[PDB]
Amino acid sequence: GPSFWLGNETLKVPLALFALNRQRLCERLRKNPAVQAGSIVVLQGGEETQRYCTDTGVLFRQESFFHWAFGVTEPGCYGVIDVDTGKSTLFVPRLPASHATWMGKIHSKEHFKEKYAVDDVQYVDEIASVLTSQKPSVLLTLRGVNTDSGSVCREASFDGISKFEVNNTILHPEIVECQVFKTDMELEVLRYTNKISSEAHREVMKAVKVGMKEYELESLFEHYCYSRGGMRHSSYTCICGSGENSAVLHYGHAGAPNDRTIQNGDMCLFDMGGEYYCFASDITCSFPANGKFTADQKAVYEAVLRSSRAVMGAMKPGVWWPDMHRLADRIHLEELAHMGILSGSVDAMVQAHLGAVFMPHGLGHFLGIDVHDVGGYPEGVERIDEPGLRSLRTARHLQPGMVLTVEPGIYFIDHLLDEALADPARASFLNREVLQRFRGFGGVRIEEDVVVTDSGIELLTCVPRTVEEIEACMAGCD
């Protein structure tokens, strides 16, 4: 069958991937007792946009649910799926003649059918007529709440939909649940995105020099990913935090735009991940700017390396993800105690939630078409109201096929440290004279992408991780 491909050494992605997703979705819906026979899934693709009221086009990136089901790259489409038969129909815009001048070839419906390997293709302006001829019982549309953004996903609409029976409650939980579990074809793409991004991280580590601006490495990373990987988009805005900026978790946005000069003695925390055909990667590398870990830097870094490997070593089906978060917490506290930053009973530290002072984010999250993938908190899965754990993007138990990030970290964040020092229940553990040396240190995060298997996990990421590996890589000439 046909495949998406950007030539050279880029990955060929079979369109069968999306056909399988459609089949899996139909299979799940059929088993839902509330789903009537003759139901049709109706999805609306993303539309082209411009900057504000200007004529400046924004580069189109497909809506995630629509991509998952159809893999369509063109704006302005709809896509439907007959639940009972699994038959798929793509609706494409009927373009004006002038499109041939300004935008490119006006492809036939048959072209799109062959390109996407769907059962039928029609024009968007005929959707009401086509659906009417099928005489559906009900249209299943997509509406629900994303548990990371809090945004409501807006359901499909077209002129004449009001004359149909529409249900907007059933579909969202079901398609979300399908996305949580990656097919072998999906895993092939995620292996690829990790491969390219890992390569790019390596090039960045080799390229870093004292005196460079953070954004120079952002630029290099994205250039490697695009030119060598065909990754026109990143999965998220590159986080290139040097020195104290490595303590800022999502540094790099417009308000803090990777504009610090890298200095001798800085730690770097680079969290960057290219996107290929709307599939994510999410990788963080931490390393000394000058290529040589100091004693303090080595201690903090190896603490996180320890929690990283411990979590990965423990992960397998049935494991409760919050237990992994607490494992990482305990390890960090043990190591910070060994360093002399902390003193006392680690058990008591844990009881006082001291771990969250140093890791004020969740251990990791589902990853897929989105960097923070859907399905972390389905109905019946509750968020844990404790420091650190409340920032977990899922509280589920691990099952085979899930793709998760493993991203423990340790940071020295002033307002969190100050809060702890003011609290008698936590201050007693902190050795102020030692901690003072680590003010402005920033932080370390080690972030891997992994897949849950029947017996454990598969690691997708491949970057240098031990102190020796990192120093060797950075000293590389070629």
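One rule holds for the numbers: they count along the sequence shown, beginning at 1.
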{"query": "Residue stretch of maximal mean CA temperature factor, 242 to 250 vs 133 to 141", "finding": "133 to 141"}
{"query": "Given 193 to 201 and 173 to 181, the range whose Cα B-factors average higher in the PDB entry", "finding": "173 to 181"}
{"query": "Deposited CA B-factor, highest of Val371, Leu363, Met231, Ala97", "finding": "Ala97"}
{"query": "Most elevated Cα B-factor in the entry, residues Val166, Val403, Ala207, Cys285", "finding": "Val166"}
{"query": "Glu27, C-alpha B-factor rank within chain (lowest, middle or highest third)", "finding": "highest"}
{"query": "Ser391 - Cα temperature factor, lowest/middle/highest third of chain", "finding": "middle"}
{"query": "Third of the chain's Cα B-factor distribution that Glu334 belongs to, per the entry", "finding": "middle"}
{"query": "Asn264 - Cα temperature factor, lowest/middle/highest third of chain", "finding": "middle"}
{"query": "Third assignment of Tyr377 from its chain's C-alpha B-factors", "finding": "middle"}
